[PDB]
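Asks: My questions will all concern the structure given below.
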Amino acid sequence: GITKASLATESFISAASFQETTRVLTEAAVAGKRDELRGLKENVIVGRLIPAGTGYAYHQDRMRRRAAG
Amino acid sequence: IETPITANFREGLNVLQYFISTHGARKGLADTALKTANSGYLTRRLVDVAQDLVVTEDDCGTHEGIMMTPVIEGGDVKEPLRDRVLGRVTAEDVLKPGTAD
Amino acid sequence: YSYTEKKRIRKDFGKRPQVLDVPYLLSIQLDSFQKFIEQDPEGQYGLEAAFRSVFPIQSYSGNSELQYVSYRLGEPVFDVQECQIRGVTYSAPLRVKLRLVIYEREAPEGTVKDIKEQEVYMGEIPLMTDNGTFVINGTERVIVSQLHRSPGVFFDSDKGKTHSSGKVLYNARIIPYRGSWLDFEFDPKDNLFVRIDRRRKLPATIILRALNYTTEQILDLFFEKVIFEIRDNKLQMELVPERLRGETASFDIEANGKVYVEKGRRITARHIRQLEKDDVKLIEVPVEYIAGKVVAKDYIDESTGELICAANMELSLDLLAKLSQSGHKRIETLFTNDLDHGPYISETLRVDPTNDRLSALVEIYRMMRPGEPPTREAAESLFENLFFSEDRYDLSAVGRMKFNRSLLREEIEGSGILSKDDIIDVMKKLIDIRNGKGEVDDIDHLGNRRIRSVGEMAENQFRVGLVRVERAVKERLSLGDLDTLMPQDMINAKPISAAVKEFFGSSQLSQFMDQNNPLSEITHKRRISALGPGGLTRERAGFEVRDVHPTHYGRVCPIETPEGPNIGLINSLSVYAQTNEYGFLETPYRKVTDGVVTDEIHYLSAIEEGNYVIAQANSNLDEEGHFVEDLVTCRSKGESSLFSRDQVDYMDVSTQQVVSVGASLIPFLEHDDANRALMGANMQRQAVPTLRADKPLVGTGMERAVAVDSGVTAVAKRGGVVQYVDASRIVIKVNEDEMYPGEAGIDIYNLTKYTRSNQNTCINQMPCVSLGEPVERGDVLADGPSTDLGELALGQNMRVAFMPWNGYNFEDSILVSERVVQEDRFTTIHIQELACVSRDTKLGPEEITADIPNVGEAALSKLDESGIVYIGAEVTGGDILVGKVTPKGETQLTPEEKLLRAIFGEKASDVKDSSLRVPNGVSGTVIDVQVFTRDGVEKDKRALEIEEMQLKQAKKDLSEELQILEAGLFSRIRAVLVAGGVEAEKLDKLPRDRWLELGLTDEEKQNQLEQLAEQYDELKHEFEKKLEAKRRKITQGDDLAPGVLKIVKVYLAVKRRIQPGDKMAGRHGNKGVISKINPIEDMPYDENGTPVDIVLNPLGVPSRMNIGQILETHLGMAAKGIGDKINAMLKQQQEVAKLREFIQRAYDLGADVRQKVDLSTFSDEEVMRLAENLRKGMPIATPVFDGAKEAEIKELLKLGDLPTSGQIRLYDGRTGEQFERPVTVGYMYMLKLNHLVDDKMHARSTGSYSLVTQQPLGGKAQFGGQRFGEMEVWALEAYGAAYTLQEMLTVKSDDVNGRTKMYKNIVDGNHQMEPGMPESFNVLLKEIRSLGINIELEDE
Amino acid sequence: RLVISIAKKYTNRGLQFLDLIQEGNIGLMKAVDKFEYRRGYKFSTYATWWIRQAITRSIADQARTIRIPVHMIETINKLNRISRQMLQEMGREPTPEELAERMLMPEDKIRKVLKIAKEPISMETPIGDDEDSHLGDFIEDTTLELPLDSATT
Amino acid sequence: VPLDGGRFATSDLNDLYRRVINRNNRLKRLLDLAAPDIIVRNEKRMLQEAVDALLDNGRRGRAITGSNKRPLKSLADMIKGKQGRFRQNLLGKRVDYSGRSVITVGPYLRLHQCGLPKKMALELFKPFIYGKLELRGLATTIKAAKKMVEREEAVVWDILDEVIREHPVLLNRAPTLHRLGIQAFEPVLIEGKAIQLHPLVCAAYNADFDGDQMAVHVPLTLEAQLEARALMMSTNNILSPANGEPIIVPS
DNA sequence: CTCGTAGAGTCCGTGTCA
Ligand SMILES: C[C@H](CCC(=O)NCCC[N+](C)(C)C[C@H](O)CS(=O)(=O)O)[C@H]1CC[C@H]2[C@@H]3[C@H](O)C[C@@H]4C[C@H](O)CC[C@]4(C)[C@H]3C[C@H](O)[C@]12C
Ligand SMILES: C[C@H](CCC(=O)NCCC[N+](C)(C)C[C@H](O)CS(=O)(=O)O)[C@H]1CC[C@H]2[C@@H]3[C@H](O)C[C@@H]4C[C@H](O)CC[C@]4(C)[C@H]3C[C@H](O)[C@]12C
Ligand SMILES: [Mg+2]
């Protein structure tokens, strides 16, 4: 169900955005979980370019420069 | 209520008949003033789950597909084929009702 | 008719005769607070009640008590107006005489000392104004009456949700006025549990055990016993014949020789009848039948003492056999018929672990405060004070009345504390309903909902203050020594006044008086809220209470309620409604004597109303209260139907009684949908007073009632002749009949001129009457804001045409012709206040001088040397009003600027500018200035000038009044002196004071001259002392807030003209924005050449089923047609005859009308006056439901010589060609709403930011930007618009470094960006890192 | 229980009852360890003395957010007694001039003390009938250099 | 911060921290004094209570604030919940260069433009105006430009017209149900304080001319301008994103 | 087949939205 499905997202900032914040924060803290942001809502949160639409190319371009020599 | 309101707005209603319609309208107003909050919550959840979906690839190249028919709910064809299929990409070649077409 | 009535009569439609006229509309507030003050001996409602409740305060067993005498209301130190100006609370000091009495211990009983305190001061209490308001800090606040649930006992159902298997579980709630609540609820397994108000669930029987009741005593008090006697052998049952009713028999029931009930066939009614008439008493019974019964008492082995059967034990063969060999003849079982009499208390006893009283008190004590070691005495005192201590637990006279009514006991008045019988009866009723021989009550019945007005809540808060001080005084009276101190040091007044002023100031139900329209005031005072303390919260409830109950008929208005989130919890009070003696809601009805419908009225509450068959007002009555139809329409138990002529007990007082005043004003209500009625009423109450109010062409008759009842009009107290009229005061010469014997004199009314209303609107009173006009008691002297000739004129009536005009009225938008603004008929005046405060900074006090660094002399031109605007100067946005400078040094300027200072020699001014300049975009006249200096500081010259002006003005006014009253007094002395020998020829040439010194025959006449002489002297001396007092009030330094040196207040008067974007509405809920102002010629015009004023979109009528506005337009067109016809007939100056005949023919207009007009009045001139007033259009009056029929409109239109269909052919002003299909034109009364575009318009480029999160402030005073909410973020994401979102999210609001980068780039003409990190995200990082969680930005 | 009995006196000076009882326990222990039966002094008085000496000291120091000299607190107490007496006798209230009369202080310190006594308001106090914004939502940051001025510079 | 009027405003964390530090110092001294076990137990209990209220007040006895009965706000309260943070202040900001006002019809407009009040135009585009004023040299420096704008001379209107010519604006109505709740238009200067909206699109906005208000934002950077002009210009969205049918149908 | 243990269902109280 859409709430639970939302709950099972990879990024913990996404889950923290709208659910019981304490729950997700404690889970992520104990798990040592690592959020690469990878998504739309996180990118909004940090105030960088969305990977959607006009900004998709940017991130795609970044991907070639990212994780390379 | 068993007895209805016999008069209409061109003519004039009477005390009790008004009273009744008053109740009707009051309930209606509250109804809306709550359908707005519920619809807002629902749509927020919906956009929440569906945030990340972006068209990333040009063509996945699968042979899979779903069989679309005209929804003939019981008595008749409530919604035809054409509107349900307009603007969708095809999964495979369609034949006339007669093979090799 | 009265003289105000003769001035301008209003044509009335309406068929049924008003038996009762509308009462004084504000009665509730005034009379309730009157009851609150009300010095009375008998302890009834009144401060007295609170005192007698709390006092006498007895020492901690010290036998030195404090006793109460009486209270006295001090006279307010500050009159109303000055209290408003100076920002103080308008109040009276309260003084109380007390006696401290001290006994001796141990004395042969005798009070050693009684000493009386010199009227100790117990704080200040705000007083209510004549209109029913309170001035709390120089602002009028209103305390809206509050509806809430009455104390008592209520049985709720709570169906459905109980486990989703039905299980309709009832519960009894006992609610006190003051104290904890009791709740009895069931469980799935039918066990009765008690809970304390909002606590855990206890087994109910414990309370009965806590009441010191034994188990067997309990089951005795509840269940109906069955005796099993031993008669010659084996355990046979004594039988109640009806007892088996509806019970299958387990054995063969023969008795005394005859088989009655067959073995196996369930006992039928026939066999029961057999036994009943045969009178069979006793039956032998199989022991198996007994194997199922229950044991009532604890039958021990009485011979030896060993117990056999225990309390609440099932009966088994072994127990009965043990008893029979033991020899016990009488066994007492219970009657448990699972259908009627259920095992409820039995099952509680089975689950009941507690047995003794002590164990129950232990459980209570350890449950209420879990964990504290239970002490026997501690628990006993706890419980006793919980429910039987007079102080904590009091229901009421009301609570008790409802309680006893619910349990149907003849006694109305009971004891405050709950006697145990009460609880027992409550549980009896609960189990009775649980069996099904009783109905549950619905909370939403008005008979269960009580109205608490001001006086009661004030009394409660005062009670609380007293209980605080009482404990305090006990502390001081028990420990400290008794006999040295007098009884004023013991009690501290601070907390009492603290609590009362806290309530009056900071409460939800004490709100700003909505003061822009008289209707606004009247309806806001007559409001009923379910919110506040002791009441509901908006989130909890809940549709039950919002819906309209059939009980509201004629008591609360069904149609007026805010459409916002709080729908239903405001619900303004109906017109005729009153409060009962007990605080309930009651409405009048006309009595019905079987055949005749009499004129005696009785006020009924809801519960009594339920019983009778009441006929509706809309019933046809012939000449003596006889019904024309044998079959009439009534309602008795909330259901309407037809009943016969000889059954109706009462009848509606008048048709209007269903609706509130606001709704009562809307014409042709009968034809409008409820929704648009609601919106119409709400909007109509917000109309802003225009410059020239005129009158509604189509009213409802309430206009005069509201106008008089609002306090803004000036009304005559003693009728007479207008002696002097000036645009500030009306001086009236009393009629000799109405002259008080001792010192009647003349009456002087000072009017109020433009002062600022709560919403910044003007409230000005203009004189109505002219010199020499005779006035009667209760006549309307002066029209207040938005009032005409005594009538309510909220807005103005203009010529509208329904048609689409180049989509400029596309949606509900409205077109307006330049003609209206040309005549300036919708121009409002707004009086704004501005404040400059000079505080003390740590670098030094601020300064008010006019010397302001680097200011152009252009702006300073308009200030005097002191730095204050001249009264009457015209200012605009940006101009400087009051100069103010602040100390500021040690700038530590940047190097390059230092270089600049060295270069040019620019001595840096150590004072920054702070002057209070005019807000942007407002331009008007400054009408007045006020200056407040704290005591001690050196008054500036301008303050002295203002004090000189005020002094001289007050002196002038006092001399004015004294001289006018003295002239009247001397005139009366002359009027008496003509009796007993006329001497006025001698008199008129000798001085005036040589009229008292003259003599007359020693009689009552000379005594009356003596009276008038003594009154002359007394008026003189009072004049002198009040004058001196006024100068002392003027001079005294005013008390200012800590830290503020002085203050300058300025009242600005802005003239706001109607302009595009403003909101206008009709009374029927049609709304609109004025979209374009066109030249006169562009407007459509009729053949005759008169252009229309407004062009309204027709498409708004059919979809929004408010059709009444159309009939209104027709009838108004007819009225204005009459008006034009008479104006034409007047301009030709025909003759009295012609006008009189025509005006009579008009007033008659058919029949069935209750008007009853001339020819009685004076024959020529006053008719000319009436024509002069009516030439602007003859006013029609349809009451709400007994209104004007269509045919009557047609007929009146025919009288005007106008198309009967109400449509005219119209010519297009642009092209000149005619419109096809002629259109409806006519006058509608439209309103200008308070939403003025100039207030709403708002923009910011850059401005102030917030402290913690560097985001721009939200709001209007500080510039403030719009809130880009998440929904908009989603909107942006729907498009591929990433860059806009990015800038919006960081450079536009939160990134400081980025925002400055952006400003510089923009100014330089480059468009790039520098995203940075949003500050709020940094805040989040720091905040969670402040927690014990490590949050790091990784990198790869 | 003695500590509890004396503690209930100080019950409205911004201090969690339990902190009060704790300070009293510290004072009582101090008295006991310092108690002298051979010096000639009533034991109970000695104890209660130390109890108060500790409790009042703690409330004076750590009660207010901004710590304030104790003599200043005594000044406030005197002011409050005087205000109470004069107000309840006179009925109206004593004006700062009248207070300056009643005590010999030059009244400049009277209003200074009145200014100091004001407690800080909670930044979240909800604004009237609009429980959406608190007070914190209004306070503006004056530190910020104006962008105009940066461009000028 | 010291608010004007000698009184002070503080966050609740000040009180919470003060209380915790007090209890810490008291426990330190108690250990130095070797108090009996009961007292050290009580001190540790209270310290635990203070800490847990500090982290998350609301899972225990609700440590109220000084004399105000309102429970004081703990860290989690600042983070968690809608009213507090993440939801409230980080997707619900308050942008600059924005305006708001009442809407009015004004039928004569072209589909792709909207009537905008002058005075708002100056207020919004202040910095653009300054830039152009300084570029053409009509104003020696920025300060003189500011004075020249507050005088409101004809040259100011000329430059404002030239800047407004091709620059696009975003117009929004508060309940943005679907993506068409925010759309781009070219502004046309008009007198008065009311915003004029093209009628055909009111249906798309679900707007009514009965006192409904609309907000107006200005895209600043050049890329934003192009995004607006390409994707968000009214003329580009005639078909509903929900179903393919036209939205701008006559009403 | 019953005792001891295992499983399923339910209830209460808390957390969660406006
Ligand atoms: C004075 C009045 C008695 C009513 C009465 O019986 N009048 C006598 C009227 C009798 N008559 C004239 C109408 C003739 C009747 O026919 C005789 S009979 O009633 O039918 O026997 C009692 C009944 C309800 C009581 C109020 C409520 O508790 C709320 C509140 C409680 C506070 O703590 C104190 C204040 C409040 C406002 C109370 C005031 C006062 O205490 C009331 C009005
Ligand atoms: C009572 C007095 C009428 C006096 C009168 O009528 N005397 C008649 C005296 C007749 N006698 C006694 C001399 C005998 C004559 O012989 C009678 S006869 O002529 O022979 O028939 C009324 C009528 C007009 C009123 C004045 C106006 O407000 C303006 C005036 C200026 C102030 O800014 C406002 C108040 C002032 C002071 C008012 C004074 C006073 O309130 C006046 C005069
Ligand atoms: Mg609208």
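In the structure tokens, each chain is lettered A, B, ... as it comes, each chain's residues begin at 1, and ligands are numbered from 1 in order of appearance.
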Output as a ChimeraX atom specification the set of chain C residues within 7 Å of chain A, with distances taken over only C-alpha atoms.
Replies: /C:1280-1282,1286,1289-1290,1317-1318,1321,1333
Asks: From chain A, collect each residue whose DSSP state is helix (DSSP H, G or I) and return the set as an MDAnalysis selection string.
Replies: chainID A and resid 2:7 12:18 21:31 40:46 53:65
Asks: Enumerate as a VMD selection string the residues within 10 Å of ligand 3, counting only C-alpha atoms (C1' of nucleotides) and all ligand atoms.
Replies: (chain C and resid 811 to 812 1071 to 1072) or (chain E and resid 103 206 to 213)
Asks: Please identify all residues of chain D having at least one atom at most 10 Å from any atom of chain C, considering only C-alpha atoms, and return them as number ranges by chain.
Replies: D: 84-85, 87-92, 95-97, 111-112, 114-115, 128-129, 133, 136-148, 150-153
Asks: Tell me as a list in words which residues belonging to chain E come within 12 Å of chain A, counting only C-alpha atoms.
Replies: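 Close enough to count are residues 55, 56, 75, 76, 77, 78, 79, 80, 81, 82, 83, 84, 85, 86, 87, 88, 89, 90, 91, 92, 93, 223, 224, 226, 227, 228, 230 and 231 of chain E.
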Asks: Based on only C-alpha atoms, which of the residues in chain E come within 9 Å of chain D? I want them as a VMD selection string.
Replies: chain E and resid 1 3 6 to 12 14 to 15 18 to 19 22 to 23 26 30 33 35 39 42 to 43 46 65 to 68 70 72 to 73 83 141 to 143
